[PDB]
Amino acid sequence: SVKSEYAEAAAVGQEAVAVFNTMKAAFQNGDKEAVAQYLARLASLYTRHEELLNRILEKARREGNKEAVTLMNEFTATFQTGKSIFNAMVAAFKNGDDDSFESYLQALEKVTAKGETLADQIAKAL
Ligand SMILES: O=C(O)c1cc2cc(Cl)sc2[nH]1
């Protein structure tokens, strides 16, 4: 069902949370080789998550599930805020700008924390 597809999407999201925290530890420790690898892993995970989310939103639309569509339109918008911040973070890493990397990292954490009550609301709406 769309509900089990959302649980699968939620797990991919939690995987990115896990890798992100390991990445934050590596950044603080100065292990740039590790950070580079974790950033590649996160890019792939976010690409996957975004794709599942779109398939969930399109399915909710075809199902006429107006409330789920409303919530998923909001949630995908916020996902794109996180994605833009992540991409800027990756650029800061390429550029050697640890000040910008720190800023983007904290922002990406707060955008993720904010978007969690909605993530739970979608599970219940589908
Ligand atoms: O690159 C992406 O698509 C992407 C990165 C992040 C971080 C988030 Cl929280 S949501 C999100 N999406």
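The structure this text deals with has already been given above.
### Let's talk about the pattern of salt bridges
Inspection of the entire model under this criterion finds 5 salt bridges. Between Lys-24 and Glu-109 there is a salt bridge, with the nearest N and O atoms lying 2.7 Å from each other. Pair noted here: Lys-24 is in helix α1 (residues 2-29) and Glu-109 is in helix α4 (residues 98-114), with a separation of 85 residues, a long-range link. For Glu-109, a relative accessible area of 25% gives the class partly exposed. The network of salt bridges with common partners includes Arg-48, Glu-51 and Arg-55.

### Describing the packing of aromatic side chains
For the structure shown, the criterion picks out 3 aromatic pairs. Considering the side-chain rings of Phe-27 and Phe-101, the 4.6 Å spacing of their centres and the 35° angle between planes classify their relative orientation as tilted. Of this pair, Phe-27 sits in helix α1 while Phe-101 is found in helix α4, placing the two residues 74 residues apart along the sequence. The pair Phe-27 / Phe-101 is uniform in exposure class, with both members buried. Pairing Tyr-46 with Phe-86 gives two aromatic rings, centres 4.8 Å apart and planes at 75°, and the pair type is edge-to-face. With a gap of 40 residues between them, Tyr-46 in helix α2 (residues 32-62) and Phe-86 in helix α3 (residues 66-95) connect regions that are remote in the sequence. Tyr-46 gets classed as buried once you look at its relative accessible area, which sits at 17%. Here a set of aromatic residues connected by ring pairs shows up, and it is made of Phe-27, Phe-93 and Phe-101.

Thresholds applied
Residues numbered from 1 in each chain as written, not as in the entry; some residues may be left out. Heavy atoms only, no water. Salt bridge = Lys/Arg side-chain N within 4 Å of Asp/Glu carboxyl O. Helix = DSSP H or I, 4+ residues; strand = E, 2+ residues; numbered from the N terminus. Buried < 20%, exposed > 50% of the residue type's maximum accessible area, 1.4 Å probe, protein only. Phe/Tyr/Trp six-rings, centres within 6.5 Å; stacked < 30°, edge-to-face > 60°.

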